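Student: sequence plus experimental coordinates follow:
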Amino acid sequence: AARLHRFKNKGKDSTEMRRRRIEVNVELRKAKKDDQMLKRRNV
Amino acid sequence: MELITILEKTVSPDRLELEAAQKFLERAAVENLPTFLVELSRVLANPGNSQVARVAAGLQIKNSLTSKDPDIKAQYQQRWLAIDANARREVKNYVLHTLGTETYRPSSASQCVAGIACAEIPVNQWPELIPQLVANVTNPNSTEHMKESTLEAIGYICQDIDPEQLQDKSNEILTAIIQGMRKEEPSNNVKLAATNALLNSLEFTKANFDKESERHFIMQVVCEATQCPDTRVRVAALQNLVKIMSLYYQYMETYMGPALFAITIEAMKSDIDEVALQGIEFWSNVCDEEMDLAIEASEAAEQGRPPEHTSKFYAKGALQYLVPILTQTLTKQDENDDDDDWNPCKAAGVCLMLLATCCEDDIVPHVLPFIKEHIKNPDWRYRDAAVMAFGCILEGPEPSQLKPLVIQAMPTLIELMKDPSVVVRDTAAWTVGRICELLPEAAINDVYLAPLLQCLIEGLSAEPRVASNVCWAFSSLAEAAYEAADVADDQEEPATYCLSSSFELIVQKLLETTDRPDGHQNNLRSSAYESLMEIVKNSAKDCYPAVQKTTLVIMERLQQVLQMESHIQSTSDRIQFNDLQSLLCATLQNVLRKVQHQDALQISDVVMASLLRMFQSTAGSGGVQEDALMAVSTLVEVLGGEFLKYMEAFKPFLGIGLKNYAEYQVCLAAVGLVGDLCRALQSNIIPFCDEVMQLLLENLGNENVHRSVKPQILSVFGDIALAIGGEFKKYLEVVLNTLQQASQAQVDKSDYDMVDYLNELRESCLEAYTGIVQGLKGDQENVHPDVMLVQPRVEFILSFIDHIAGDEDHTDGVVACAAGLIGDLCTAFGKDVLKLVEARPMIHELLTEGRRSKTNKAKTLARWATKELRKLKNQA
């Protein structure tokens, strides 16, 4: 079809930014999980 | 009444006739499918009927036979095959004789041919179809209409029906289409019909691709067909040639020079739009597949294996004749610039941008003379491409050697941000925006920072099309500053950096631009809000009063949202409201994570009430509440163990969140919320555990939910036991049975989607076992007597990872938690598991590759697993 998602900054939509934000949050959730767990286990 | 008149009325301009005809045809098809279709086929087969009626009959049968939604089409296929063979064969007689009796350039019956065969081919009840079509094309006495009608039907056959059902009959069809593809054909319409049908059937022509003589025969046609005087044949042959390149790049080497590359350059010189576009599209795919092959080459190089596929560096040996023409056609812009239509002007940039990435550092000398010479042109046309091509080549070359060019052109860029040409200022905004993201250090230089920064602030007050492009520059500039701030200012959080001097000025300007009435144009509001999210997220310690003021301001913005839920009169208004509510809630996450614990107390009550009412404000539109509850979790992540003040006023909302069973995202976020709740509330979640656990087990039994949510549901079982301790015994028996059942499920290895799906599924299974083992273990004392409840299951748990260790798909995440679980199991019993582990040597090789695993957490769990294994052996 059309690859219009590469013309300067037209490939930055409301839905596109939504998935970018949530994947950051879950990694922080992942990071906070192990960091809390690792500190209680051993250095 | 006569059905011929019905076919005329469905095209006549009368609303009442259309619904009456549609109702009668739909009712008759359901009432008597076989007889009515036979009657319809009889009428259309007659050449004496009016062409309008025949077209109407063709589309009506097309609508009944096929649709847009695959599920509706699939059940229609099952309905058709249930019809008796004589009735099915009766319409086959008329349909195969209807073609060639219509003077219309498209064939109405061709769509009908596709629909019937959608169910006939899988059941193979019409085996004489394919041989019949071959004879029609090969017949020299056939008329022009009959030739093209058969070819048109052929294209529909290979476009709608699944490719697997046509794998066997590829040889016969290809023989027919080539016969009608000969350049000796006088009629041009036969050529384009053959060209369109040819490209639709390139996915199962590999059975004919293996023969080099046949392969040379097929390409002999398209190379000669490209030179056809008709413009439609020119693009169609090239368009077919584009798809040929996309698939069979491994064998196009022998003809690229003598036959292929000569046409593409010539086709790219055309003053017509499509001819130059398809040629540009062709060479873009060459670089694109070169990159993917380069990825495969990079994948094989590190592993040491020979590359299964190898490229030939076409892009490097063609940019000499590609850049000058591409740059020349890059200046074909228009005064009435619009972003709605794809045009060769914008098509030029993306192909040039793709070429720069593909050839990496071999595009710098071919473009610098053009930009340096036309950057001072009196007309904006040449200055537009002089700066646009500068940004389009910023990616791919290494930054250090590109520094001398960008540093000297920066003083020109700011002046170019002031010329009266609207397009150049819009173009310059992207270039400075691109240069900030890709070149952090160059974008921040005090000799040019203050003039550049002042231009950016003044720039956003202009037309929205240039305000949108500069907002992302502001956000990237802050991120570039942060990457330079942590190195210089402090180590864990910046205190005061360069942008801090103008930080308080720009942040309120971003608040101002969000209030502009033209925020919808070029997604201005979403651009500013995202820019506002990043600039607040990246601040300095001296900016605490600045972020404090906007925190109050955004709270007042929430107050504005409170009293506007009754202003919905149009659907688009709700859509913007849906977008607006998501942005503010997302912005709440950034500010709540960048404030002081004391400052959070005052805003806790107002936000909690605001979040509570906003959850219930959206009775429908489940998308917005997906962001709501995760925003609520962010409050819990920072507030601490003081959230019990609202727990009694949160259970019905938490309960109904898991009671959806329709949307997987909300419950996927909901299981995160309860995980976040227990992770902070610690042992105060005991009275609330009974309500969620009973409902949570119900989700396990129901299989109507999405497959993706199941591992996350199993993920929350382990952690809740870690908080309460040894009070989970009342639910321990139930979960193990579900854990037993879930671990029993297995699937084959044929489709990579479900192959990697089970990897994360068994990954969730491992961590669930870790939580209950750690939960009953307590805090510091020895093993509790509760460990005997899971004692009989440890053989099964070790057996489950025995199969995982025996597998060869694997995932770095899976191998990590398994090693961590072993340490927990070793702590659980020790000597008891020693006999169990010795009977399973596959876990020994599964832990040795843990050392191979590059992920650090895999290493930490790997050393954790082996250190306790030695202690168990050294226990006695």
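Tutor: Yes, it's here. Numbers count the residues shown, from 1 in each chain, chains lettered A, B, ... in the order given.
Student: give me every residue that touches residue 18.
Tutor: Defaulting to chain A. Contacts for residue A:18 (CB atoms under 8 Å, 6 or more residues apart in numbering or on different chains) come out as B:582, B:627. Quick note: C-beta positions are derived from backbone N, CA and C, even for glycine.
Student: wait, chain B
Tutor: Counting by CB under 8 Å, 6+ apart, residue B:18 touches B:9, B:10.
Student: mind running it again at 10 Å?
Tutor: Going by CB atoms under 10 Å, 6 or more residues apart in numbering or on different chains, residue B:18 touches B:9, B:10, B:11, B:12.
Student: swap in residue B:449?
Tutor: B:443, B:477, B:498, B:499, B:502.
Student: repeat that with 7 Å
Tutor: residue B:498 (CB atoms under 7 Å, 6 or more residues apart in numbering or on different chains).
Student: what helix or strand is it on?
Tutor: helix B:446-459 (DSSP states H and E).
Student: go on, residue B:564?
Tutor: Going by DSSP H and E, residue B:564 is not part of any helix or strand.
Student: once you drop chain neighbours, what's closest to it?
Tutor: Nearest residue to residue B:564 in three dimensions, chain neighbours excluded: residue B:577, at 7.7 Å (CB to CB, 6 or more residues apart in numbering or on different chains).
Student: near chain B, which residues of chain A are found?
Tutor: Selection of chain A residues close to chain B by CB under 7 Å from any CB of the partner chain yields A:2-4, A:6-10, A:14, A:17, A:21, A:25, A:29, A:34.
Student: nearest to residue B:255 among those residues?
Tutor: residue A:3 (26.5 Å; CB to CB).
Student: the closest one: neighbour count?
Tutor: By the criterion of other CB atoms under 10 Å in any protein chain shown, residue A:3 has 14 neighbours.
Student: so who does the spatially closest residue to it that is not a sequence neighbour touch?
Tutor: Leaving aside its chain neighbours, residue A:3 sits nearest to residue B:350 (6.9 Å; criterion: CB to CB, 6+ apart). By CB under 7 Å, 6+ apart, the residues touching residue B:350 are A:3, A:6, A:7.
Student: if we can go back for a sec, neighbours of the residue nearest to residue B:564, just the number please.
Tutor: 19.
Student: can you tell me the element the residue nearest to residue A:3 falls in?
Tutor: helix B:344-359.
Student: quick one: buried residues of the host helix or strand of residue B:623?
Tutor: Element membership of residue B:623 [criterion: DSSP H and E] is helix B:622-639. Residues of helix B:622-639 classed as buried: B:623-639 (neighbour count, 16 or more other CB atoms under 10 Å in any protein chain shown).
Student: stretch B:592-600 too?
Tutor: So stretch B:592-600, judged by 16+ other CB under 10 Å, has buried residues B:592, B:594, B:595, B:600.
Student: separation between the nearest residue to residue B:56 once chain neighbours are set aside and residue B:63?
Tutor: Leaving aside its chain neighbours, residue B:56 sits nearest to residue B:7 (4.2 Å; criterion: CB to CB, 6+ apart). Going from residue B:7 to residue B:63 by CB to CB, to the nearest Å gives 13 Å.
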